[PDB]
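Protein chains in written order, with the authors' numbering: chain a, 90 to 130, 135 to 143, 146 to 170, 173 to 205, 236 to 256, 278 to 298; chain Q, 3 to 87; chain b, 71 to 358, 370 to 407; chain I, 58 to 194.
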RNA sequence: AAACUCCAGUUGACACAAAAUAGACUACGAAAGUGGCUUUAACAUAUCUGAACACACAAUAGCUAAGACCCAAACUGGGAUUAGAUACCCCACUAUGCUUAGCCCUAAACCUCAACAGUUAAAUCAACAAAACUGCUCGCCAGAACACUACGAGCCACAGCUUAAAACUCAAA
Ligand SMILES: Nc1ncnc2c1ncn2[C@@H]1O[C@H](CSCC[C@H](N)C(=O)O)[C@@H](O)[C@H]1O
Ligand SMILES: [K+]
Ligand SMILES: [Mg+2]
Ligand SMILES: [Mg+2]
Ligand SMILES: [Mg+2]
Ligand SMILES: [Mg+2]
Ligand SMILES: [Mg+2]
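This is the structure:
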């Protein structure tokens, strides 16, 4: 568990170093993508999202994922495939807003059940009209008496 | 008193303001200025500061040692050369 | 004579004047009503109450003032229709006064069974038999289950030992019906060691009977004081003139909480006695109200003086809230 | 040419220009991003105020001032007012770590102004005054 | 909400306050302590041990007097929150944190490891903490609670500190 945590941290550091250096790719270096999270199970990568530029960043990352995995294999050589997850805050909100723009709208007390208790009282009206606990360690045993008896 | 527009200054490249801001934020984070401001928002009592610094040093040492151990041991993470034995 | 508590401040906040409509939903003895009539004689006042004896006192005041004061017998829930038929359907009430608790004539009378000091039938019913089908506290204690009685004492009575007192009451009732107030007091006393009869002390730090809270709980549950009070507040707000003065007196924590949350528009389901830390934690969890309708005459509650406490110890816990409809 | 993130040095003649103006002459957009508010002011190279904006001036009040949208609106208003006076290119000088710290810049971009440099002037006391005690929450 | 509205932002001038990064260093000092710069003075002992009281120190808080006062801040006032008071939150502000000269002499003053010398061989060793020990010296302890108490004595201390009991009670702690 802690070993997997350290492995996740190492993967995060390696991916950040690959992102920062220009030797990996001029496109990736120009993007200046920053990673929010890296977690290994396959590997899930989560990068902070800035729409058009976000789509371009996602497309470039998807294109360069294979090269990134190949470069990671040079280092940690047995690296599982890396999955990039775009963190649009709550992605559900972004997708929902996109669909909503796309979509069509057409033309424009007391804390008790007082009633139940009242019913029960009316029903009633109608029908009318400690000790010592011995310690476990002090309990006697007569097995030895029986053994000595015969 | 110092000359201005030198410290913590990043030139925007081809109007890419977001990338320049990200670079500036990363520079400040690398220099620890952001964490410095966050810690300086409220007073951290000296005993608390010493405890936090000692814990951070121990955590960094442990993380480095664990990373070294994992890198050393992962050299054996290859296909089994003597399968069936 | 238990003088109306802080009646001077009630008069000040209401500020009675000639040709104004003032509704007293809790006429009772009428000391507040008498003081209001003393301040203004031409005021048109409504004296609503559930006790038939209170209605008789209101009719006596009507004998004193034939139409300046208008009597009304009924509960807060009925008060809406009663006033609608009375001739104040458009509302426009210039003032509203709402006391709470037990009337002095109610508490003194042992036949009503409102006090453990004097024996009597375990009635604890503000109604004096206008609706004989209305449950009495004796039927309540004899009928309700252990868990039901425990919940009633825990919520209404603010009782810590509901799980114990309810079981003791059930055990006693299984032997004999609980038909006497003093019998119930003895039963509750037996639920604890005898030394604990007067260990509990009032807010005045004066010894009181241990069963008192229990008695209080039953009274509320007999009269549905919380629900009927909420309905009365809603009906008053519906019938109160814009800019009218609403003055309320609350003798215990639950009714004061209800009144305050109604005035400030707070959700009734919100937790009680919230601290600032608890609010911050709640908002942090919720971080991933209705528009105000009142203007408080007094931001803070008004409490009786120490001398007034000595004169009327029963009114010590009274807290006064004054607001104006917006 | 090779782009260098380092700003051009005043007193040294650089080839970089904006609207025929040198970096030392580009107007300055001071942004203050507090936790409860965000203020934006454009000034000339000669410290002449040209436009000012804030969350409170844009109608937002109390907690609503702390939202990033309020800072974006303030940036839009400040950029419009500055552009009315002929401001085109600006040098952003941001201080504080408020929620609007970035949003204000976006507003300026949405306002029509061109940001050529981003500068951080967050007041960081080198062990200066003693800040208030930590909140007991 | 209150508060402020000569309030805020920019620029300039501007401290008897506090000493980012270095510091991922582990240094100095007897301990407490000490992390901006420079300069002066300066870090005892060529055998160890050696004091509740002698000699000299001793964080923070506190007292006395005179200054400074950005900021922080018990207390207090106000605003919220609360059924309500207080507290947690916000604002203003004081003692106080600072300087000078005295006093007080306390701490989870804790590496909870006395000082000095030696050993790593035996049995390594109740457990845990922090590998186990030996020689030597000083200090200290002898069931729990009563008790960081009472009395006595000493002290610049006067709601104080140091030393420190007994009776009744329990079979545990
Ligand atoms: N829901 C309700 N409807 C009508 N009257 C009610 C009521 N709940 C309580 N009351 C009445 O309100 C009064 C409370 S105490 C009476 C106090 C009175 N104002 C005085 O002169 O002191 C009692 O008369 C009680 O019976
Ligand atoms: K440091
Ligand atoms: Mg010596
Ligand atoms: Mg000292
Ligand atoms: Mg001061
Ligand atoms: Mg220490
Ligand atoms: Mg010694």
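Beta carbons: idealized from backbone N, C-alpha and C, even for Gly.
Next on the checklist: Using 8 Å for Cβ pairs, my map puts residue 297 (chain b) next to residue 236 (chain a). What's the rounded Cβ distance?
Outcome noted: Residue mapping note: residue 297 (chain b) aligns to position 227 of the third chain, counting from 1. Residue mapping note: residue 236 (chain a) aligns to position 109 of the first chain, counting from 1. Yes, residue 297 (chain b) and residue 236 (chain a) are in contact; Cβ-Cβ is about 6 Å, under 8 Å.
Item to check | Minimum C-alpha distance to residue 141 (chain a) - residue among a:173, a:200, a:151 and a:186 | outcome: As a position in the first chain, residue 141 (chain a) is number 48, starting the count at 1. Residue 141 (chain a) has its Cα closest to that of a:186, out of a:173, a:200, a:151 and a:186.
Next on the checklist: Cβ closer than 9 Å: which chain Q residues qualify as neighbours of residue 6 (chain I)?
Outcome noted: Absent from the model: residue 6 (chain I). The displayed extent of chain I is 58 to 194, so no value can be given.
Item to check | Proximal residues of chain I, C-beta to C-beta of residue 45 (chain Q) below 9 Å | outcome: Here residue 45 (chain Q) is taken as the residue at index 43 of the second chain, counted from 1. Correct list: 187, 188, 189, 190 and 191.
Next on the checklist: Is residue 251 (chain a) close to chain b? Criterion is C-beta to C-beta, closer than 9 Å.
Outcome noted: Counting from 1 along the first chain, the entry for residue 251 (chain a) is found at position 124. Taking Cβ atoms only, chain b reaches closer than 9 Å to residue 251 (chain a), which makes this a yes.
Next on the checklist: I want to verify the contact list: residues of chain a whose CB lies under 8 Å from the CB of residue 72 (chain Q), in sequence order.
Outcome noted: As a first step, residue 72 (chain Q) must be located in the second chain, where it is residue number 70. Within 8 Å Cβ-Cβ: 92, 95, 96 and 99.
Next on the checklist: With distance defined between alpha-carbon atoms, name the residue in Q:42, Q:84, Q:71 and Q:12 nearest to residue 29 (chain Q).
Outcome noted: For the purposes of this step, residue 29 (chain Q) is taken as the residue at position 27 of the second chain. Ranking Q:42, Q:84, Q:71 and Q:12 by Cα distance to residue 29 (chain Q) puts Q:12 first.
Checklist entry - For the beta strand (DSSP E) that residue 203 (chain I) lies in, which residues bound it at each end? => result Nothing can be reported for residue 203 (chain I), as the shown portion of chain I is limited to 58 through 194.
Item to check | Any 3 or more C-beta pairs closer than 8 Å across the region 283 to 296 of chain a and the region 94 to 105 of chain a | outcome: no
Checklist entry - Heavy atom of ligand 2 less than 8 Å from the Cβ of residue 55 (chain Q), yes or no? => result Here residue 55 (chain Q) corresponds to residue number 53 of the second chain, with the count starting at 1. Yes, Cβ of residue 55 (chain Q) sits closer than 8 Å to a heavy atom of ligand 2.
Next on the checklist: Are the CB atoms of residue 89 (chain I) and residue 83 (chain I) within a distance shorter than 9 Å?
Outcome noted: Walking along the fourth chain from the start, residue 83 (chain I) turns up at place 26. Walking along the fourth chain from the start, residue 89 (chain I) turns up at place 32. In terms of Cβ geometry, residue 83 (chain I) and residue 89 (chain I) do not form a close pair [threshold 9 Å].
Next on the checklist: Is residue 94 (chain b) close to ligand 1? I mean its beta-carbon at under 8 Å from any heavy atom of the ligand.
Outcome noted: Taking the first residue of the third chain as 1, we reach residue 94 (chain b) at position 24. Yes; taking the cut-off as 8 Å, the Cβ of residue 94 (chain b) has a heavy atom of ligand 1 nearer than that.
Checklist entry - Which same chain residues, not among the five before or five after residue 126 (chain a), have their C-beta less than 7 Å away from its C-beta? => result Translated into the one-based positions of the first chain, residue 126 (chain a) becomes position 37. Result list for residue 126 (chain a): 139, in chain order.
Item to check | Nearest neighbour of residue 245 (chain a), chosen from b:313, b:212 and b:303 [CA to CA] | outcome: Residue numbering aside, residue 245 (chain a) sits at position 118 when the first chain is read from its first letter. Measuring from the Cα of residue 245 (chain a), the nearest candidate turns out to be b:212.
Checklist entry - Comparing the C-beta of residue 54 (chain Q) with each C-beta of chain a, is any distance below 9 Å? => result The residue given as residue 54 (chain Q) occupies position 52 in the second chain. Answer no: the Cβ-Cβ gap between residue 54 (chain Q) and chain a never drops below 9 Å.
Item to check | Distance cut-off 8 Å: residue 293 (chain b) Cβ against heavy atoms of ligand 1 | outcome: Mapped onto the third chain, residue 293 (chain b) falls at position 223. The answer is yes for residue 293 (chain b).
Checklist entry - Closer than 9 Å, CB to CB, is residue 212 (chain b) near chain a or not? => result By 1-based counting over the third chain, the position of residue 212 (chain b) is 142. Yes, because at least one Cβ of chain a sits closer than 9 Å to the Cβ of residue 212 (chain b).
Next on the checklist: To the nearest angstrom, how far is the alpha carbon of residue 354 (chain b) from that of residue 343 (chain b)?
Outcome noted: Counting from one through the third chain, the residue named residue 354 (chain b) turns up at place 284. Counting from one through the third chain, the residue named residue 343 (chain b) turns up at place 273. Roughly 19 Å separates the two Cα atoms.
Item to check | Which of helix, strand or coil DSSP assigns to residue 191 (chain b) | outcome: On the third chain, position 121 is the one that residue 191 (chain b) refers to. If DSSP states are grouped into helix, strand and coil, residue 191 (chain b) belongs with the strands.
Checklist entry - Do the CB positions of residue 124 (chain b) and residue 100 (chain b) come within less than 9 Å of each other? => result In the third chain, the residue the question calls residue 124 (chain b) occupies position 54. In the third chain, the residue the question calls residue 100 (chain b) occupies position 30. Yes, these two residues count as a Cβ contact at 9 Å.
Item to check | residue 74 (chain Q), buried or exposed, once every other Cβ within 10 Å from all chains shown has been counted against 16 | outcome: Counted from its first residue, the second chain places residue 74 (chain Q) at position 72. Result: exposed.
Checklist entry - Sorted by chain position, which residues of the same chain lie with C-beta nearer than 6 Å to residue 128 (chain b)'s C-beta, five sequence neighbours on each side aside? => result As a working mapping, residue 128 (chain b) is identified with position 58 in the third chain. The residues are 97, 117 and 141.
Next on the checklist: Give me the chain b residues within the contact set of residue 241 (chain a), using Cβ-Cβ distance strictly less than 9 Å, ordered along the chain.
Outcome noted: Along the first chain, one-based indexing puts residue 241 (chain a) at 114. Near residue 241 (chain a) (Cβ distances below 9 Å), the residues of chain b are 291, 294 and 297.
Checklist entry - If you check the beta carbons only, do residue 174 (chain I) and residue 106 (chain I) fall under 9 Å apart? => result Numbered from 1 along the fourth chain, position 117 holds the residue referred to as residue 174 (chain I). Numbered from 1 along the fourth chain, position 49 holds the residue referred to as residue 106 (chain I). Taking 9 Å as the Cβ cut-off, residue 174 (chain I) and residue 106 (chain I) do not qualify as a contacting pair.
Next on the checklist: I'd like to know if residue 278 (chain a) contacts chain b, where contact means its C-beta is closer than 9 Å to some C-beta of that chain.
Outcome noted: Position 130 of the first chain, counted from the first residue, corresponds to residue 278 (chain a). Judged by the 9 Å Cβ criterion, residue 278 (chain a) is not in contact with chain b.
Next on the checklist: Less than 6 Å between C-beta atoms, sequence neighbours within five positions excluded: which residues of the same chain meet that for residue 120 (chain b)?
Outcome noted: Within the third chain, residue 120 (chain b) is the residue found at index 50, counting from 1. Taken in chain order, the residues that qualify are 145, 196 and 197.
Checklist entry - Is the Cβ of residue 218 (chain b) closer than 9 Å to any Cβ of chain a? => result By 1-based counting over the third chain, the position of residue 218 (chain b) is 148. Yes, residue 218 (chain b) lies at the interface with chain a (some Cβ there is under 9 Å from its Cβ).
Checklist entry - If contact means a Cβ-Cβ distance below 8 Å, which residues of the region 313 to 341 of chain b contact chain a? => result 338
Checklist entry - Roughly how far, in whole angstroms, is the beta-carbon of residue 62 (chain I) from the beta-carbon of residue 25 (chain Q), given that I think they are within contact range, below 8 Å? => result Taking the fourth chain and counting its residues from 1, the one referred to as residue 62 (chain I) is at position 5. Taking the second chain and counting its residues from 1, the one referred to as residue 25 (chain Q) is at position 23. Confirmed, Cβ separation roughly 7 Å.
Checklist entry - Going by the beta-carbon positions, is the gap between residue 76 (chain b) and residue 399 (chain b) smaller than 9 Å? => result Taking the first residue of the third chain as 1, we reach residue 76 (chain b) at position 6. Taking the first residue of the third chain as 1, we reach residue 399 (chain b) at position 318. Against a cut-off of 9 Å, the Cβ pair of residue 399 (chain b) and residue 76 (chain b) comes out as a contact.
Checklist entry - Looking only at DSSP bridge pairs, what is residue 98 (chain I) linked to? => result The count along the fourth chain starts at 1 and reaches residue 98 (chain I) at position 41. Its beta-bridge partners are I:87 and I:109.
Item to check | At least 3 beta-carbon pairs within less than 8 Å: the region 159 to 179 of chain I vs the region 46 to 57 of chain Q | outcome: no
Checklist entry - Helix, strand or coil: which one does DSSP assign to residue 129 (chain I)? => result Reading the fourth chain from its first residue, position 72 is the one you call residue 129 (chain I). It is helical.
Checklist entry - The beta strand (DSSP E) with residue 98 (chain a) in it runs from where to where? => result As a position in the first chain, residue 98 (chain a) is number 9, starting the count at 1. First-last for residue 98 (chain a): 91 to 109, but that is the alpha helix (DSSP H), not the beta strand (DSSP E).
Next on the checklist: Short of 7 Å in beta carbon distance, which residues of its chain neighbour residue 83 (chain b), apart from the five on each side in sequence? Order them along the chain.
Outcome noted: Within the third chain, residue 83 (chain b) is the residue found at index 13, counting from 1. Within the same chain, residue 83 (chain b) has close Cβ partners 315, 317, 378 and 403.
Checklist entry - For residue 322 (chain b), which residues does DSSP report across the bridge? => result Numbered from 1 along the third chain, position 252 holds the residue referred to as residue 322 (chain b). Residue 322 (chain b) is not bridged to any residue.
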